[PDB]
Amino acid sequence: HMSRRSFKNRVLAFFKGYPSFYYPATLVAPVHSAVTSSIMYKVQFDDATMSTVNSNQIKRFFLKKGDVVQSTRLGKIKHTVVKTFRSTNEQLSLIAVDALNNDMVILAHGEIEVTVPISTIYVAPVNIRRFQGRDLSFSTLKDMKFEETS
């Protein structure tokens, strides 16, 4: 694993290592930092890597028409989002969906459209600054990790 949360916990989280992009992850838990006051977030990437990010480094994983994104299957070519949808009625795994339980996204580059899995999305931080209405909602919430000894 790969830990085990509702699809509504899917985020795009800033990957702090070194290619710097936002990637799909699961919001795992709020973090109280011993050393700073802002609230923070433990997040898990789809390769199961775990990371703690601030509130400026995390968005709900939902995509709107006109969002500029990239996809892992189309190189570094920037696309705009046309529409996200769910391709199936079967149970899908957490790494396959976004925060609304979609599965697939249609992307445009020009007026050339391609349909790609939503799990393949990644986002440049400059593109993320224009995502409006994508902050974590109150209804996302949630337990502190039961810290061992400390």
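Throughout, we count residues from 1 along the sequence that is shown.
- Comparing 124-132 with 137-145, the higher mean C-alpha B-factor in the PDB entry belongs to 137-145.
- Look at the C-alpha B-factors of 83-91 and of 41-49. On average they run higher in 83-91.
- In the deposited coordinates, the residue among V97, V35, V68, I58 with the greatest CA B-factor is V35.
- Annotation for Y18: CA B-factor lies in the highest third of the chain's modelled residues.
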